[PDB]
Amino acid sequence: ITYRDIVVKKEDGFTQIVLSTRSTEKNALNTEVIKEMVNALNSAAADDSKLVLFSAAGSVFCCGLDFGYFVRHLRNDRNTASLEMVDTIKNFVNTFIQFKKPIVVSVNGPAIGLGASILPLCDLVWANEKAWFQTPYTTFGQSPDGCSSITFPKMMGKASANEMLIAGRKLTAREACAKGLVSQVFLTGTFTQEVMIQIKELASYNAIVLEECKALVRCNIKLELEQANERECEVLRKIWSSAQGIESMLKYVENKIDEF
């Protein structure tokens, strides 16, 4: 397949999946982009690669959900649109939870909201030093997504995780790395060649050793991730179908656009 909003590049030993949106700005996630992503992942699961590189094109890595888009739909019909909304997010998150091959994610810029919370679901997080990370859930008017309700407290402690989850604090690549969110930081000048050279190193390893490393790590966390996803989504379906949650989303979008 060729995609509207993503580019896929099949190499020997690895498959590249590049978020490069056209129907949204700065790699925002709407329904269509998400189904393309899940589609590219499913295919990458089945091809002859040993691992996947998840990267993004342009300025930001992923700004998360496109609330400007979703708020129109929930305003039009909140009970249908939040069912669909929440079902596509859950499916998205589970695609990461279920993925058998290692996923290296390569972060070129800002990762926000759902663009940030999916990161812990991959196997290696490689950040450009100029990227920063935020899950401003309380600004959005939603509770956590992407299993960040367990993965953040697990990697940074509950207090530190709540600084992101409740207080909506941003983290530089180096702060995210210290808190476990990011596993390696790269100098900006040579980011993509350095990522390219390290990815090819990983692709030269035994495929079975790679799958087994990931399988063994994934054993005693997978059911926790499944449940967090299920629990988060249930909560989001009741918030996004509520009068306050819609209003909150509206309020957020009107403010976001109101700047010079």
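Residue indices: 1-based, along the sequence shown.
Engineer: Using the B-factors recorded in the PDB entry, average over the C-alpha atoms of 159-167 and of 143-151, then report which stretch comes out higher.
Structural biologist: 159-167 has the higher mean C-alpha B-factor.
Engineer: Highest mean C-alpha temperature factor of the two stretches 37-45 and 229-237, which is it?
Structural biologist: Going by the record's values, the stretch with the higher mean is 37-45.
Engineer: Could you say which of 106, 117, 79, 138 has its CA atom at the highest B factor, as listed in the PDB entry?
Structural biologist: In this record, 79 carries the highest C-alpha B-factor of the candidates.
Engineer: If you rank every modelled residue in this chain by C-alpha B factor, which third holds residue 124: lowest, middle or highest?
Structural biologist: Within its chain, residue 124 is a lowest-third residue by C-alpha B-factor, going by the deposited values.
Engineer: Grab the CA temperature factor for residue 131 from the record and place it in the lowest, middle or highest third of its chain.
Structural biologist: For residue 131, whose C-alpha B-factor we compare with every modelled residue in the chain, the answer is the lowest third.
Engineer: Taking only the Cα B-factors deposited for this chain, tell me whether residue 71 sits in the lowest, middle or highest third.
Structural biologist: Its C-alpha B-factor, which the entry lists for residue 71, ranks in the middle third among residues of this chain.
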